[PDB]
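Novice: For reference, the file upload-v3.tsv (TSV, C-alpha atoms and all ligand atoms) is included below:
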```tsv
chain	number	residue	atom	x	y	z
A	1	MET	CA	0.00	0.00	0.00
A	2	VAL	CA	3.11	2.23	0.48
A	3	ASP	CA	4.80	1.07	-2.75
A	4	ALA	CA	4.62	4.22	-4.92
A	5	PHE	CA	6.54	6.10	-2.16
A	6	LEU	CA	9.49	3.70	-2.32
A	7	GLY	CA	12.78	4.73	-3.87
A	8	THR	CA	15.30	7.54	-3.94
A	9	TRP	CA	14.04	11.13	-4.05
A	10	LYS	CA	15.87	14.46	-4.43
A	11	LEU	CA	14.73	17.87	-3.16
A	12	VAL	CA	13.61	20.11	-6.12
A	13	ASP	CA	11.47	22.85	-4.41
A	14	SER	CA	11.15	24.26	-0.83
A	15	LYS	CA	8.61	26.74	0.55
A	16	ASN	CA	8.57	28.09	4.11
A	17	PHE	CA	11.19	25.71	5.53
A	18	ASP	CA	12.76	28.57	7.47
A	19	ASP	CA	9.38	29.31	9.06
A	20	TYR	CA	9.02	25.65	10.07
A	21	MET	CA	12.55	25.42	11.49
A	22	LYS	CA	12.10	28.75	13.36
A	23	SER	CA	8.86	27.46	14.89
A	24	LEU	CA	10.77	24.41	16.20
A	25	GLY	CA	13.45	26.70	17.76
A	26	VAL	CA	16.24	25.84	15.33
A	27	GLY	CA	19.07	28.40	15.58
A	28	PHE	CA	19.84	30.87	12.83
A	29	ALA	CA	23.13	29.27	11.71
A	30	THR	CA	21.52	25.85	11.29
A	31	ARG	CA	18.54	27.38	9.44
A	32	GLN	CA	20.97	29.23	7.20
A	33	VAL	CA	22.87	26.02	6.11
A	34	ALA	CA	19.61	24.05	5.90
A	35	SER	CA	18.11	26.64	3.52
A	36	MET	CA	20.87	25.80	0.98
A	37	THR	CA	20.88	22.03	1.49
A	38	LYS	CA	19.14	19.61	-0.95
A	39	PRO	CA	18.63	16.28	0.79
A	40	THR	CA	18.13	12.88	-0.74
A	41	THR	CA	15.38	10.80	0.86
A	42	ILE	CA	15.47	7.01	0.44
A	43	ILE	CA	12.38	5.01	1.38
A	44	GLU	CA	12.74	1.19	1.46
A	45	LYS	CA	10.57	-1.64	2.76
A	46	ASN	CA	11.32	-5.12	3.95
A	47	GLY	CA	8.05	-6.80	4.77
A	48	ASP	CA	6.18	-4.69	7.33
A	49	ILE	CA	9.25	-2.54	8.12
A	50	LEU	CA	9.94	0.76	6.38
A	51	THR	CA	13.29	2.50	6.54
A	52	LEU	CA	13.47	6.21	5.67
A	53	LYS	CA	16.93	7.70	5.18
A	54	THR	CA	17.55	11.43	4.72
A	55	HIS	CA	21.05	12.24	3.46
A	56	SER	CA	22.73	15.57	2.89
A	57	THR	CA	25.96	17.52	3.09
A	58	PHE	CA	24.85	18.89	6.48
A	59	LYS	CA	22.92	16.31	8.53
A	60	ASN	CA	21.90	12.67	7.97
A	61	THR	CA	19.06	10.73	9.61
A	62	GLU	CA	17.60	7.25	9.42
A	63	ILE	CA	14.44	5.79	10.97
A	64	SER	CA	12.87	2.35	10.77
A	65	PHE	CA	9.26	1.69	11.71
A	66	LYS	CA	6.23	-0.47	11.24
A	67	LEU	CA	3.10	1.49	9.96
A	68	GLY	CA	0.75	2.11	12.81
A	69	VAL	CA	3.22	1.23	15.59
A	70	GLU	CA	4.73	3.98	17.75
A	71	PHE	CA	8.53	4.33	17.79
A	72	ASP	CA	11.08	6.53	19.51
A	73	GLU	CA	12.85	9.01	17.22
A	74	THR	CA	15.61	11.59	17.61
A	75	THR	CA	15.12	14.19	14.92
A	76	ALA	CA	17.69	16.06	12.81
A	77	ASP	CA	17.34	19.03	15.21
A	78	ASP	CA	17.84	16.72	18.23
A	79	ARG	CA	14.25	16.51	19.52
A	80	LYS	CA	13.47	13.21	21.30
A	81	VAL	CA	9.94	12.43	20.13
A	82	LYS	CA	7.31	9.70	20.11
A	83	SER	CA	6.42	8.98	16.48
A	84	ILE	CA	3.89	7.06	14.44
A	85	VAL	CA	3.55	6.76	10.66
A	86	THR	CA	0.32	5.70	8.99
A	87	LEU	CA	-1.37	5.75	5.57
A	88	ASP	CA	-4.30	8.12	5.53
A	89	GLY	CA	-6.09	9.00	2.31
A	90	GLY	CA	-3.16	7.50	0.40
A	91	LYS	CA	-0.75	9.90	2.16
A	92	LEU	CA	2.06	8.76	4.38
A	93	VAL	CA	1.38	10.72	7.68
A	94	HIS	CA	4.19	10.95	10.26
A	95	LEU	CA	3.15	12.45	13.62
A	96	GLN	CA	5.80	13.41	16.21
A	97	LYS	CA	4.91	14.19	19.85
A	98	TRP	CA	7.16	15.66	22.56
A	99	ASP	CA	6.63	17.93	25.59
A	100	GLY	CA	2.89	18.13	24.64
A	101	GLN	CA	3.89	19.58	21.23
A	102	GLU	CA	3.02	17.90	17.87
A	103	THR	CA	4.34	18.23	14.33
A	104	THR	CA	3.19	16.39	11.23
A	105	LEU	CA	5.22	15.38	8.19
A	106	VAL	CA	2.76	14.41	5.44
A	107	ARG	CA	3.92	12.87	2.15
A	108	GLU	CA	1.76	12.56	-0.94
A	109	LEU	CA	2.33	11.83	-4.59
A	110	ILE	CA	1.16	14.45	-7.13
A	111	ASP	CA	1.98	13.92	-10.81
A	112	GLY	CA	4.81	11.53	-9.79
A	113	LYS	CA	6.43	14.08	-7.43
A	114	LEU	CA	6.68	13.50	-3.66
A	115	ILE	CA	5.20	16.50	-1.78
A	116	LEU	CA	6.22	16.73	1.88
A	117	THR	CA	4.11	19.09	4.01
A	118	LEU	CA	5.62	19.99	7.43
A	119	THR	CA	3.32	21.66	9.99
A	120	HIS	CA	4.27	22.94	13.46
A	121	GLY	CA	2.40	25.71	15.24
A	122	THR	CA	1.03	27.86	12.45
A	123	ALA	CA	4.02	27.21	10.14
A	124	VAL	CA	3.32	25.17	7.02
A	125	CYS	CA	6.25	24.17	4.79
A	126	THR	CA	5.91	22.41	1.44
A	127	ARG	CA	8.92	20.58	-0.03
A	128	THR	CA	8.91	18.81	-3.34
A	129	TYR	CA	11.07	15.79	-4.15
A	130	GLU	CA	11.50	14.09	-7.59
A	131	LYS	CA	12.35	10.53	-8.09
A	132	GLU	CA	15.91	9.35	-8.94
A	133	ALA	CA	16.19	6.43	-11.42
A	201	LIG	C1	18.71	15.07	7.58
A	201	LIG	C2	18.68	15.54	6.20
A	201	LIG	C3	18.73	17.03	6.15
A	201	LIG	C4	17.50	17.80	6.57
A	201	LIG	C5	17.66	19.26	6.15
A	201	LIG	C6	18.88	19.97	6.69
A	201	LIG	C7	18.98	19.98	8.21
A	201	LIG	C8	17.78	20.61	8.91
A	201	LIG	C9	18.08	20.70	10.39
A	201	LIG	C10	17.12	21.46	11.24
A	201	LIG	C11	15.69	21.20	10.92
A	201	LIG	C12	15.24	19.77	11.06
A	201	LIG	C13	13.71	19.69	11.07
A	201	LIG	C14	13.18	18.27	11.04
A	201	LIG	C15	13.47	17.47	9.79
A	201	LIG	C16	13.10	18.16	8.48
A	201	LIG	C17	13.24	17.22	7.29
A	201	LIG	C18	13.04	17.92	5.96
A	201	LIG	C19	13.11	17.02	4.74
A	201	LIG	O1	13.14	15.78	4.86
A	201	LIG	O2	13.12	17.57	3.59
```
Mind converting the file's structure to structure tokens?

Specialist:
Amino acid sequence: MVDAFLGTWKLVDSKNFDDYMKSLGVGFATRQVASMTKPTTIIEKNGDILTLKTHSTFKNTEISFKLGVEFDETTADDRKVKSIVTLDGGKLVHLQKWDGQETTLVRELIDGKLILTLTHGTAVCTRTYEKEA
């Protein structure tokens, strides 16, 4: 059910990422480098387990999870969160919870592009990834 999300994806558009990072309390120097970074996201499955890698010249992350099962995560900005990823309306919805705060990372496919929408507080960031062969 997750299969069209699988593969290697490269960042090709970013809107409001600084707003999102600011909302999370990321410092100006980190936001500055991040605003010029173009990550590669790799999504793989092995049975029920998904692994999502995010690689860049600045920071790298990797998570593994089962859909619908909570997991601990330490984010790129060093938040220790409780996470769950589900399919909802054909979108891959990742919810992170910490200190009573929530942020969502929603992925959807539009015309073969991967659109990642990041919401925290009032900040809404939209990042577009295109598929590597
Ligand atoms: C780890 C790969 C590099 C992520 C970009 C540069 C580093 C940002 C650090 C500070 C904000 C981190 C916010 C949470 C993760 C955003 C994930 C956004 C995406 O997958 O496109």

Novice: Near residue 96 (chain A), counting all atoms listed in the file, which residues have an atom at most 6 Å away, once you skip same-chain residues fewer than 5 positions from it, shown as a ChimeraX atom specification?

Specialist: /A:81-83,102-103

Novice: Hey, could you make a per-residue contact list for chain A against ligand LIG 201 (chain A) with 10 Å as the cut-off, showing the nearest pair of atoms and its distance in Å to one decimal, counting all atoms listed in the file, sorted by chain and number, as CSV?

Specialist:
```
residue,atom,partner,partner_atom,distance
A:10,CA,A:LIG201,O2,9.0
A:11,CA,A:LIG201,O2,6.9
A:13,CA,A:LIG201,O2,9.7
A:14,CA,A:LIG201,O2,8.3
A:17,CA,A:LIG201,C18,8.0
A:18,CA,A:LIG201,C11,8.6
A:20,CA,A:LIG201,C13,7.6
A:21,CA,A:LIG201,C11,5.3
A:22,CA,A:LIG201,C11,8.7
A:23,CA,A:LIG201,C13,9.9
A:24,CA,A:LIG201,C13,7.6
A:25,CA,A:LIG201,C11,9.1
A:26,CA,A:LIG201,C10,6.1
A:27,CA,A:LIG201,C10,8.4
A:28,CA,A:LIG201,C10,9.9
A:29,CA,A:LIG201,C10,9.9
A:30,CA,A:LIG201,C10,6.2
A:31,CA,A:LIG201,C10,6.3
A:32,CA,A:LIG201,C8,9.3
A:33,CA,A:LIG201,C6,7.3
A:34,CA,A:LIG201,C6,4.2
A:35,CA,A:LIG201,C6,7.4
A:36,CA,A:LIG201,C6,8.4
A:37,CA,A:LIG201,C6,5.9
A:38,CA,A:LIG201,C5,7.3
A:39,CA,A:LIG201,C3,5.4
A:40,CA,A:LIG201,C2,7.5
A:41,CA,A:LIG201,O1,6.8
A:52,CA,A:LIG201,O1,9.6
A:53,CA,A:LIG201,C1,8.0
A:54,CA,A:LIG201,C2,4.5
A:55,CA,A:LIG201,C2,4.9
A:56,CA,A:LIG201,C2,5.2
A:57,CA,A:LIG201,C3,7.9
A:58,CA,A:LIG201,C6,6.1
A:59,CA,A:LIG201,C1,4.5
A:60,CA,A:LIG201,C1,4.0
A:61,CA,A:LIG201,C1,4.8
A:62,CA,A:LIG201,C1,8.1
A:74,CA,A:LIG201,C14,9.7
A:75,CA,A:LIG201,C14,6.0
A:76,CA,A:LIG201,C12,4.8
A:77,CA,A:LIG201,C10,4.7
A:78,CA,A:LIG201,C12,8.2
A:79,CA,A:LIG201,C14,8.7
A:103,CA,A:LIG201,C14,9.4
A:105,CA,A:LIG201,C17,8.3
A:115,CA,A:LIG201,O2,9.6
A:116,CA,A:LIG201,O2,7.2
A:117,CA,A:LIG201,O2,9.1
A:118,CA,A:LIG201,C16,7.8
A:125,CA,A:LIG201,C18,9.3
A:126,CA,A:LIG201,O2,8.9
A:127,CA,A:LIG201,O2,6.3
A:128,CA,A:LIG201,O2,8.2
A:129,CA,A:LIG201,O2,8.2
```

Novice: With all atoms listed in the file as the atoms that count, which of A:97, A:48, A:106, A:132 lies nearest to residue 7 (chain A)?

Specialist: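 Smallest distance to residue 7 (chain A) is found for A:132.
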
Novice: Provide the CA of residue 5 (chain A) to CA of residue 107 (chain A) distance in Å, to one decimal place.

Specialist: 8.4 Å

Novice: Take the point (7.2, 3.1, 9.1) as written in the file and pick out every residue within 8 Å of it, counting all atoms listed in the file; give the list as a list in words.

Specialist: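 Those within range, by chain then number, are residues 49, 50, 51, 52, 63, 64, 65, 66, 67, 68, 69, 84, 85 and 86 of chain A.
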
Novice: CA of residue 130 (chain A) and CA of residue 88 (chain A) are how many Å apart?

Specialist: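 Computing it gives 21.4 Å between the two atoms.
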
Novice: Using CA of residue 9 (chain A) and CA of residue 91 (chain A) as the two end points, give the distance in Å to one decimal.

Specialist: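 For CA of residue 9 (chain A) relative to CA of residue 91 (chain A), the distance reads 16.1 Å.
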
Novice: Using all atoms listed in the file, which of the listed residues (A:80, A:8, A:70, A:2) sits closest to residue 98 (chain A)?

Specialist: A:80
